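My questions all concern the structure below.
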Amino acid sequence: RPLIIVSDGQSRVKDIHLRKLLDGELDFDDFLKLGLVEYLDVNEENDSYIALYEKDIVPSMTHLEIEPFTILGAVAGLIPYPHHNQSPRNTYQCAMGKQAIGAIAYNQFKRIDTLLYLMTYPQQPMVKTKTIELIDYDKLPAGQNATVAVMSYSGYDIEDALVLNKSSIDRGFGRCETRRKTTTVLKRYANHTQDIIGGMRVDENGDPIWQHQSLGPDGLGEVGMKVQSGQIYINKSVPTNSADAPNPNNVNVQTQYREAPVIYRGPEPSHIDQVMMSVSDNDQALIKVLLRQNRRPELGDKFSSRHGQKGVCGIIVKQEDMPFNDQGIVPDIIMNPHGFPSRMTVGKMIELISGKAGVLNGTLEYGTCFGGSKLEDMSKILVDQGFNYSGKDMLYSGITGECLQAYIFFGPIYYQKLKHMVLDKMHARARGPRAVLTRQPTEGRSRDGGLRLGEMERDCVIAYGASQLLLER
Amino acid sequence: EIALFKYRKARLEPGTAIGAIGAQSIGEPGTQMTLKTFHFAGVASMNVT
Amino acid sequence: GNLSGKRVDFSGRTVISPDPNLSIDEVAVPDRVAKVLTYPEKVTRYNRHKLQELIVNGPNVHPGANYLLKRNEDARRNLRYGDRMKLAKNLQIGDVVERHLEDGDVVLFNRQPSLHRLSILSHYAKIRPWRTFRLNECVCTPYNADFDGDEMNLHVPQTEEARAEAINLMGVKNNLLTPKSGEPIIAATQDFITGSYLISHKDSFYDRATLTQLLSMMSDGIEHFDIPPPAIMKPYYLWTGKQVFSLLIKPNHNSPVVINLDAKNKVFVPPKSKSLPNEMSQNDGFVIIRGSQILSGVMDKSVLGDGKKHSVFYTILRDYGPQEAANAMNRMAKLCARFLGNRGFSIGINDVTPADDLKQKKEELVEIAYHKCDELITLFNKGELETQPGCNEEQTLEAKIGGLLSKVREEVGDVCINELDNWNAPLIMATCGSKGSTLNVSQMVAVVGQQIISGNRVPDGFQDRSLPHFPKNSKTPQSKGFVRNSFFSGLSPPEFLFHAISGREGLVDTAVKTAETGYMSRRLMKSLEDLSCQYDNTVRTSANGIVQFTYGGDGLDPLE
Amino acid sequence: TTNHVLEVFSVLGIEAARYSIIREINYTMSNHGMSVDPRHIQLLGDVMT
Amino acid sequence: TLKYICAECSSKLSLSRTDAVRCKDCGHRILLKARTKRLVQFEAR
Amino acid sequence: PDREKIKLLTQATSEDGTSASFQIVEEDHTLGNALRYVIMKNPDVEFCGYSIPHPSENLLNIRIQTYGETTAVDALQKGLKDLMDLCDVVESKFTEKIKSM
Amino acid sequence: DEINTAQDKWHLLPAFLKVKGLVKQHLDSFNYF
Amino acid sequence: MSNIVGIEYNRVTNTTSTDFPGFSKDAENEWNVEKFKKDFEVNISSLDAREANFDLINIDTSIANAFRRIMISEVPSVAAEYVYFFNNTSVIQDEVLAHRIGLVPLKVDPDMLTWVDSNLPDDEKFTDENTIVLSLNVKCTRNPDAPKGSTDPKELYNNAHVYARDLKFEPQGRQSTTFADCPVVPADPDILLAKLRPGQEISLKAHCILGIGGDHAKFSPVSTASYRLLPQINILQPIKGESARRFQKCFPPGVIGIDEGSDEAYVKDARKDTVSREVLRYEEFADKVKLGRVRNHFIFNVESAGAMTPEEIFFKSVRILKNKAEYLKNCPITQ
Amino acid sequence: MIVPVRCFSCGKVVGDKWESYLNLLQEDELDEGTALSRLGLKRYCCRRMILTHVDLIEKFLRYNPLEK
């Protein structure tokens, strides 16, 4: 790693060297030539003695570090004020930030891959970090700036459970879309034959029949239509006789096609937006169709909090509820205040104070590590606008009208929606193979038993002493 | 009456799978072990498991 | 090679959600999986009036059926391809239909890392909207539920005899205790404790415009209550908050519930050190209940909910059956959920900030303890020190510095709780039950102290030192694993690395623990499996070879 | 009294080996809390010997 | 039915079955499909 | 006449009037609170409380309980006529301020 | 306005990531190969 | 109980109204319509085209909350419900673009429409007195008089930005003369629904029906509907001097003032106070100020979306909250 | 992607206040706070819609498939 050399009293990098750096010339690798910074190794900095800051110059020192917040990585730098939380809640967020959904690339509408999630209205975070400007996270954000009243409300929020707002997710809070890929290849068998595509059959004025009313005259699902259960969106027919090798003769036996199309299956319907034909490398046809599905947040969809406060949705609450802070701002997600003492995330608490006072005088604040916005001069910005210094507003309850007997901590938090929705995890089975409620086949080293009855669960019903439930199950 | 009724209902009922209950009542507090280095000694004299 | 194995028909797996409006013996099943998970019902004299309409409604309407098996075994004809109204008209008496899952059906409910026998309970069904397995939170403690998107399994029995062996000796109302110690393991939970500490707080006085609403939110309307005369009269008619929990135990004269226990709650102050009354304490403290009437004391985790042998529902369970204790649990669980949203309870940055007096004591008293340990460093290179007999000259320096730096975090950690103002969230949550202690609030507010790994302090990561920011042979506390900044003020980068090491130590001992979730309990199950008490009060083996003449020397069930 | 159960068994006998194993399990669990209502420990210390 | 669209020059071309599937203007090897001319129904909720 | 809008639950009411309960379908906290306040101002009504058992339904259980000589089916009709009088007072004082300015 | 030293030292990290990137550990190996 | 309430630094007390006969020994405060007509009155601060601010004194929190709650749900309004698309070849997907047509507010009186009966088939639910049809047809074209440089998509691209003014109301059915006096427009014609490029075209048709705001957010007639209780600063021990000017720099500049050439400060226009209780942490101002708010006074501040005037929403809410009480007393109580 | 029509919490139309905001940024040079203050909104809700919003559609329309 590159560090700054000191020469027995003070740093080599003076004030006149840094004026040129922000004014064009004398960039990096022009500080390695002049002997101002140098690379140090792990077992080679053992023979060193490094200062943390510039008010530490002791004549027994050898090097000076550039920045203290270089210790956090690229994904780990998304957390505002990481030095106020405890470290496991700095680790879990590193597994939750990669799972959050949002904008991926500038050509995300121009590519066809097997699975990707998108966000309809992405917003950049309120408090930034000095390491998320260099990785360009503020150009492609993944999350939503909610407004949060931290209080216990309606009882559907007991442990790790958030309540949501109706008439806020109705206006586009958390609308996502899922795009899946279906690809087919038209194989050229060795015995001079192909597998052709086609269709358009009718039955008694139906143009076409119910199973066929998503296909055009080509036989491929056209752009704009919807697909539901067993309807066919790619009509494919393979020859039934040319599987083995009947060596080439001129006999008329090529009029035998056993059809085997692909069939959409799913709880909720999808839509066709792209389909692409290819004549790929060995002169072989390729068909790639993309199916998109617009999803809204519901009971079971989980969210994060950019500090490791992940939780599932409890209930979508009406808009005439959710106490309304006399100016008239209805909260968007109400969070249980009991998740704070056992988890010890007070750096989240600063995020509202540096966020609520960030909206007012039009400046997106900085929550960078070992620094950022000071809590002293951010409460001064919050207090001369007419608010409390600590963000505690007083609310007027919705179902009864009277005041609430405690001042309730209000302000905006950059939330983010993850994967792992409830729509593709509802898996059930009645009798026989090929279960009737099948989840989407994306497990990826996550086989957590399934619909089984292990030896640990066989030992539980022995302890109850039930003998006929054993023979039944 | 209360002291005899709470004692007569307190006996072990015949047919209770008491081996299965005792095997799970021991192993389930065993699954919440962290490291927890303690000592049956003075000032760090012995490391005991 | 000892993995899960068997594959079971008629089961589902869905994530879980909170619902205290649901009872403790019920799990709400959505109408999308309660349409393929059927139950076989034989038609008889007492179900011909229902199964005809059940066949007529069909498979798409939810009170309906899917398949039909004739008496003479024609086939398993499904109710989808033809076979309209006339099929329900005949309905011979030996027919077996497969009806949809309805309200009141016995269902068992499971979580996949099953530790003990309270991991598989039995419930009643309830048909609801959106597609999740929501359940009450008084029963989530035996499942170890922390919900956050965790999946659970659901099995329906398919016969008349196994369906009875789930609701009678396996369900929720018959298993309020754990068999590990006899204590109640399945009882009131997190937000239902702090909703009971705020009602039964001494500064709460209600009125008939409020007390009536409190009595109507706990029994969703329909219940006949007998309003007692108030504790305050002729100036202002005021009912105390302890007359609400005095009323939900015994609402009216029809309920026979008379409760006469007394017990001390969590953290307790001696009254005067001379007074033989235990309930003259400076705080609320000791609780008196005489005839379903709370005379003193708040309802925290010790008195109310999970814990010891002196609970309220434990007394109701030992005295007046399991159904009444279940009704009282449902009543308080739907009281607190409606009340705590209308009272209001928040934490914020205001309840963690030291009020300019703790900072002076933190600046003074820590510098007294840094001076009393740095003098042992300049005495360590003066040859040797007074070596303690338990160890050598090197380990007697670690133990003394560790003892002084463990003593410095509690003498600062106890002068922070005394200067901390009341009516704040974390001090109430530490004074009452559910979450948070004095250690957590002293670690947020006052000081974090002595991040230890593997028993001792942190070792040398480099040669002769830990970080390259400190000199060689530096055994100072700021160099060898003693943080001094609280979480409100912010950590320095060596303090941040020292906290990260101790965090990742405990974080990796949990992920590897999931690989050993049942390895000792399954091997111990190999021998303690076929042991049951016979009718001659002797516990034996499967081959009738006797192993113990009476159980425990006295023949007493440790559950009862 | 030693920790080793077979060391007690080779010197004292069978019946003095179960009385040590019902308290060595009782010692390694009461140093954490978690009461396991010692009839379970007596059933564990009887099926082994 | 207007079945083909080039991915580079975006020329509205169309050819029948097995007629040297490529672009008749530029020479790109992949082809898209236009939106249908029928009526699709949505709900603004 | 709608016989499904408001009911009277059987296993909640006592005899001869007093201690009655009512189930109103398709109603929220609005009329529940606005009717709980008016019936409580009747000096012969001493337990008037509304509740909603489950949030994803459209039910409202209101219990009215008196001492004597007032049946609670009449105490509901008394506290429901006075809300019309209050709404007559509100829209008459407000209209003349729009008119006069 | 005025150029400090403890605050302008931060600007060493953008000028480090402009010359050599963050994904240089994969680019430089394949370019040297 | 214990009138005009106190603001404490860690709590707030005296929340319940509690003015019922049974609060004390003497039967005080019965219903008494002649007393409520005498005590209740309304003041009005301002009335604009889309913003109203008014005051109600001597009235309970409960029915004022009832009015505030059914301003949002039960007051009906119109919005786009079903959208039929033709050749949407833009970059916005046809569920995102259909969702933004519902969210725009239409400026028409909702009393000219009838409620949709959902039991009828698709060709019978929509009729002349039920449906408002809107039509959009925008095709982008490259501007031939191109500038000296590619500056912005406003220039060198004809009609690349669609707006809400491009929603043309079509006279449907038979009664094309009832809406001929005032055709339906959006409340603000500058709503950027989509951005376009040449080669792209949006053609659609939206059917606007009547609905309540509790079904979906697009039928909400009012943007903000809320109240605030009137604050009150009871100052005692009348200190003055430099502490009086320190007492001024905390509060907003128009709620208290210093007298010019005379004695101590006073309270003028306490209506403009946003209660932040910052004078409760000084230890200098401890027994010299008394914050609070009066429970009877309500300051209704409504800002509508533009479909109707906000002096109509309050009257329609009073009419709706009256009608659901007389509908309940004319129903038989069935056992 | 595009500015939303209504704000999420209360529902005030903020879609009419994006082009007039970008007009106040470039010409008549002001900071974001004052130029967003003399534009309508007083609350910090509905002020957050115009402040923290990224405009992805200007980058998405460079990949136009209907032209070259």
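Chains: A, B, C, D, E, F, G, H and I, in written order; residue numbering restarts at 1 for each.
The rule is simple: a contact is a pair of C-beta atoms (placed from the backbone, for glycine too) under 8 Å apart; a residue touches a chain by one contact, two chains touch by 3 or more.
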Exercise for review: Could you run down the chains that neighbour chain B and chain I together?
Suggested key: A
Exercise for review: Please find which chain has its CA centre nearest to the centre of all protein CA atoms in view.
Suggested key: A
Revision key, fill the gap. Farthest CA centroid from chain C: chain E
Revision key, fill the gap. Between C-D and A-E, more C-beta pairs in contact link A-E
Practice item. Report the inter-chain centroid distance for chain G and chain H in whole angstrom, where each centroid is the mean of the CA atoms. Key: 51
Exercise for review: Would you kindly tell me how far, in whole Å, the mean C-alpha position of chain I lies from that of chain A?
Suggested key: 24
Revision key, fill the gap. Chain C to chain I, mean C-alpha position gap in Å, rounds to 47
Revision key, fill the gap. For the pair chain F and chain H, the C-alpha centroid-to-centroid distance in angstrom is 28
Point to revise | Residue list for chain I, restricted to those that touch at least two other chains | key: 1-2, 4-6, 10-11, 60, 65-67
Point to revise | Per-residue overlap in chain E, given as positions that touch at least 2 other chains | key: 10, 32, 34-35, 40, 45
Review point. Residue numbers in chain A touching 2 or more other chains?
Key: 109, 120, 154, 167-168, 170-172, 224, 318, 320, 327-328, 399-401, 404-407, 459-460, 462-465
Review point. Hey, which chains are touching each other here?
Key: A-B, A-C, A-E, A-F, A-G, A-H, A-I, B-C, B-D, C-D, C-F, C-H, E-H, E-I, F-H, H-I
Practice item. Using the touch definition up top, name the residues of chain A that touch chain G in the complex. Key: 2, 4, 11, 13-15, 18-19, 21-22, 27-29, 31, 37, 53-55, 66-67, 70, 74, 130, 134-135
Exercise for review: Give every residue of chain C touching chain F within the complex, in rising order.
Suggested key: 21, 128-129, 208-209, 212-213, 215-217, 219-225, 227, 338
Point to revise | Contact footprint of chain B on chain A as seen in their complex | key: 459-460, 462-465
Review point. What residues on chain C touch chain D, complex-wise?
Key: 180-182, 527-528, 531, 539, 547-548, 551-553, 556, 558
Review point. If you look only at chain A, which of its residues touch chain E in the complex?
Key: 170, 216-218, 220, 222-226, 274-280, 285
